[PDB]
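So this first bit is one chain, no partners, the form deposited in one PDB entry, shown in structure tokens.
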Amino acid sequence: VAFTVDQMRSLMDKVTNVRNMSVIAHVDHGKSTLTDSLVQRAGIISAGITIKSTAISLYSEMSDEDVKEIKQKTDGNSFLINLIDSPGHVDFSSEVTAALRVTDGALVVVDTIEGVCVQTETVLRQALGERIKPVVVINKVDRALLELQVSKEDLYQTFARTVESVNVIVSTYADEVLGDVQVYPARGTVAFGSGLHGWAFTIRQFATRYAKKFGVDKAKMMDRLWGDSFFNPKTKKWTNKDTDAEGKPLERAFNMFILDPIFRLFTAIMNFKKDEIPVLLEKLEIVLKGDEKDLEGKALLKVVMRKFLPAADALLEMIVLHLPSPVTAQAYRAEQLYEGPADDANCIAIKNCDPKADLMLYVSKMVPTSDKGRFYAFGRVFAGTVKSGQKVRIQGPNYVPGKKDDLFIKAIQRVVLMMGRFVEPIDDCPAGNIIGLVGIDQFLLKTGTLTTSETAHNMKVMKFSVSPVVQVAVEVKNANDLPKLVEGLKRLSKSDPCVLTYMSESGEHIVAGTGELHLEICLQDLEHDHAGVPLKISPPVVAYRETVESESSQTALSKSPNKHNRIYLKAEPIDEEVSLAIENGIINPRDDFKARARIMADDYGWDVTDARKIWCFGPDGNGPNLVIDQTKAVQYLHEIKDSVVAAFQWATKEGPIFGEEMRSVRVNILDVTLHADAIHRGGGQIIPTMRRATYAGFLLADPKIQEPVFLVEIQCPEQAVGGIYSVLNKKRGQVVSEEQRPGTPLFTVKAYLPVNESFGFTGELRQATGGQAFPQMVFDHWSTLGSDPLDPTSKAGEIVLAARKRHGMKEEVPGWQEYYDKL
């Protein structure tokens, strides 16, 4: 239905009547299908900026009578349901947690024949760990009838086992505090149906029908519609034993009033018994409408079943009556979501979903919009209310109430509703709702916390990293489409904050990503959408870093082609702390050279003298590399600065070991001699000099290479935890910590995995832990290899040579002599 901004806003005020949930379901189990059906039924539409569909608004109204069946405060017969999108494959670990983290309820889809598949089982645990109330749906029932032609009782027994399996997981992993959260068909928390034909039902639906035909309060009618309850056709009495006084068998109630009607329609229709169909149909009061009347076979059955048991309603019924509202769940989820004091003024405001308290808005992800290459923040207001214009504290991942690091006191340009694919501006938005923000993209990379209290900690952060550690070279298979690749790459980078497309000096087009799979995906979308043109992709490669271990053996020297200019310098190491300080904004290229020097001098043991002579950082003008101007009395010096810097941006982006980036390289310019006339000191002359002197200084300062390393966090039942260590021990893995979730048998091992050893990791982890493990890895740090990159046989040298050949360079690494003046 269509709603006006007022309607939505008004609906968003009655949080007691909102449902934040997700759909846990394997893709091959109609996940997308069932989801759709809710959209095509209760999907909310507003009465030119497009976004990537992240959430869908659903509206559903119930009877005052129904509202009473809700065992949790409510108000009104209207309900707002926020169906938050989820990934297709489990591998997306990090973003699976993301969706769960902002949801309260969960529609778990299980298969009739196959039951609960491993992947779904895994996600469910995770859900449970965040304290998510499950609700089940046994999909693909049709296959049972049509293909397997199972009996009513066999099918019953199947559902029975299936529901049993689910509850084995539910009880084993849900929190004792939450209370029994197991699903019970008799309690209306389990639906059955088929996404394909588009039908589904709940015991509560047939209990409302047969409600009076037996003169019962549905409470007892649905209670009998499951388990061991029998209705003797002959005696016309309800019993609790599957046999009558004589010993003859009795059909279960479920099989009698639920599975039978359905089974007949299937048998009638699929057998084309035109004599029965009409009769059978009229009995269930299913009125075909003109054109439908002539249908037969699947075509017909599909129509009949939809009219009979609309799948969408069965599911919307369980979501409203059984899933928690943003008020019931925050009370017991708050402590888990607040990384601060469990009695903190905000943690309290979270429990109470208080719209009056200091803002506590959680940003789960950044979504691509059509409006430029800008991204809108997606998240949930756990406390207070967010409003357009409002100025908020944007607390990034590294923020801590103590310091001022990773903080951005800015103003929220606009607040918009994420109506699926379109946004709709709204003034404010009270706690308990999922909303979208405009104007944070340059403050928040992906995740973060927005507040108002100056003493507010962040909320359970989701580790993400923008460090390109895996990349490939893209080439068009047919040179004609070259311009179409040049555009898609531009497009690609525009859709994802963490993908990177750039051009090497060699002129190749590069695509670098956060990981094997994240890059994998990126490449697919490029060859299929952004470019749609056939491409030649090179094998995946790990991104290394070039660095020095000491001060240049001796002073480095180079002279321009004129032979009129000379640059003397020495390169020396930068301390990891300083490098980290740079990478993390503490030591910043845009600061005041004075203010910044004070920092380096004080907190990092740098001569304020050196630090005030920083000429530039690099690469891309902000990398963990620096040029200090230690020259003394060199006339015109300033006239060659822009060039020296320019030179530095290239020297640091593609070092001399094998073209990789430099890291932690301090270059100190000891002297400079220039031609008196400017004509002979232009970029054409100095840039090459500086560039070559740096290489010289670098190669003299004892060269080494750094490899990137991940920090994998793994969830896994104590039983399979074995397979974890098994695999880590074949990849140079280093366990950091292993802990167990208090109640459950769920361990959570954390380790360091070298990125150049992570290829096909998830795949191997899957075989090893029976599919029970749930990996989550992020970039953690750079590790300097001990071995000599210069020695071909060494372990680093092995990497280097291979790399150099790959790049078709001279197999051997250049001596410093090559770059030093050829004197």
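The term rigid core refers to the most C-alpha atoms you can superpose between the two forms while keeping them within 1.5 Å. We number the residues from 1 along the sequence you see.
Not pictured, yet referred to below: the form deposited in another entry.
- Following superposition on the rigid core between this form and the one not shown, the residue from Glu292, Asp428, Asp358, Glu335 with a C-alpha displacement of 2 angstroms or more is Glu292, and no other.
- The two forms, fitted on the rigid core, differ between this form and the one not shown by less than 2 Å at the CA of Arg41.
- Remark: with the core as the superposition reference, the CA shift of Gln119 between this form and the one not shown stays below 2 Å.
- For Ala383, the Cα coordinates differ by under 2 angstroms between this form and the one not shown after the core has been superposed.
- In the other entry, the Cα-Cα separation between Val109 and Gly771 grows by 3 Å or more relative to the displayed conformation.
- Relative to this form, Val102 and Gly771 approach one another in the other entry, with their C-alpha atoms ending up at least 3 Å closer.
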